[PDB]
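Trainee: Can you look at this? It's an experimental structure, sequence on top.
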Amino acid sequence: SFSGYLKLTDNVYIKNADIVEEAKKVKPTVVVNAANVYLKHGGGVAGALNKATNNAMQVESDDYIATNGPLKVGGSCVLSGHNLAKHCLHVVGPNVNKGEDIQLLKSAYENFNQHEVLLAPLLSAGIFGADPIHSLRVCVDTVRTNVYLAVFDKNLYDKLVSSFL
């Protein structure tokens, strides 16, 4: 079970944590990856989760892409969670640095509603370029299932909690 989280709403919780370390500790049913459409887990959360699986996530992902083609921005797929979780829900939030529509962030968060409980990062935050305060707002206003958000950056976590409406 999840420990040390601050409750933001009925169903959204938040913690200043490294999502890889959190996943290894909890071994949740679902860990969300901040994926791109190609499932190329190079950096940010995706690079870190993939490195923790010894690249097994990338090998599985390349086979998934070879069979199915790329995901849509705002879409997702369920793959193995490897040593981190039962499943990994790869969700593609819009990458504002690639000129993608920020309105797709709500569509991206809607994927979380297919799972009762998830360990997740803030979608489109970090190297995806969106405002994490906005991502948290969209998360709380979209996700209805139980989401445990791991925010790596302490200063960002404090800003998110202190500005939460």
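Mentor: Thanks, I have it. Numbers count the residues shown, from 1 in each chain.

Trainee: thought residue 151 was touching residue 17?
Mentor: Yes: using CB atoms under 8 Å, residue 151 makes contact with residue 17 at a distance of 7.3 Å. The way it works is simple: take the backbone N, C-alpha and C, and place the C-beta from them, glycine included.

Trainee: Does the helix ranked longest in the chain pack against any helices or strands, and if so which?
Mentor: Secondary structure of the chain read by DSSP state H shows that its longest helix is helix 56-68. Helix 56-68 makes packing contacts with helix 44-52, strand 76-80 when contacts are defined by 3 or more CB pairs under 8 Å, 6 or more residues apart in numbering; DSSP states H and E.

Trainee: Please repeat the previous calculation with a cut-off of 10 Å.
Mentor: helix 44-52, strand 76-80, strand 87-91 (3 or more CB pairs under 10 Å, 6 or more residues apart in numbering; DSSP states H and E).

Trainee: right, so those: which one is the most enclosed?
Mentor: strand 87-91 (a mean of 24; mean count of other CB atoms under 10 Å).

Trainee: got the angle between that one and helix 56-68?
Mentor: Angle between the axes of strand 87-91 and helix 56-68 is 60 degrees (criterion: axes from the mean of the first three to the mean of the last three CA atoms, to 10 degrees).

Trainee: what about residue 130, how many residues close to it?
Mentor: Residue 130 is flanked by 21 other residues according to other CB atoms under 10 Å.

Trainee: Tell me the secondary structure of the closest residue in space to it that isn't next to it in sequence, please.
Mentor: Counting by CB to CB, 6 or more residues apart in numbering, residue 130 lies nearest to residue 124, which is 3.6 Å off, once chain neighbours are set aside. Following DSSP: H, G, I helix; E, B strand; the rest coil, we place residue 124 in the coil state.

Trainee: if we can go back for a sec, for the longest helix of the chain, list every residue counted as buried.
Mentor: 57-58, 60-61, 64-65 (16 or more other CB atoms under 10 Å).

Trainee: and if you look at stretch 130-139?
Mentor: 130, 132, 135-139.
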